[PDB]
């Protein structure tokens, strides 16, 4: 029921960048979402051995989670806010793909996605 390696949080041959939008994504968006009552399933990579989901990575080929995103933001791994936003969207979409409408985990993702969209609706200007 193997777990693949978690997504990279550093890559020396990829250029780094810091922007006002990226700082905001860490300080306000991620750190606020992190505290939500429904955030806990999304704070680390899915552990298929722990959670007894041997087929998780049979289905999900581009895993993403907020722990990974947090480390990426802390590393200045991203070039721009859009790249980070893409990771959040991958995380939510993975959840919808792996599960089914109405599942408790999906209700959690739906709630977080709404809050996420609420917070990125307006970003700082650079």
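Each form is matched to the other, and the largest set of C-alpha atoms that superpose within 1.5 Å is called the rigid core. Numbering follows the first chain given and starts at 1.
> Which stretch is more displaced from the shown form in 8 other deposited structures of this protein, 105-113 or 14-22, with RMS over structures and residues of Cα positions after a rigid core fit?
Replying inline: Of the two stretches, the larger average C-alpha offset in 8 other deposited structures of this protein falls on 14-22.
> Between 51-59 and 66-74, which has the larger RMS C-alpha deviation from this form in 8 other deposited structures of this protein after core superposition?
Replying inline: The stretch that sits farther from the shown form in 8 other deposited structures of this protein is 51-59.
> Of the two stretches 93-101 and 47-55, which shows the higher Cα B-factor on average in the entry?
Replying inline: Looking at the recorded C-alpha B-factors, 47-55 comes out higher on average.
>> Going by the mean C-alpha B-factor recorded in the entry, which is higher: 24-32 or 83-91?
In response: Looking at the record's C-alpha B-factors, the answer is 24-32.
> Within this chain, which third does the Cα B-factor at residue 75 fall in: lowest, middle or highest?
Replying inline: Its C-alpha B-factor belongs to the highest third of this chain's values.
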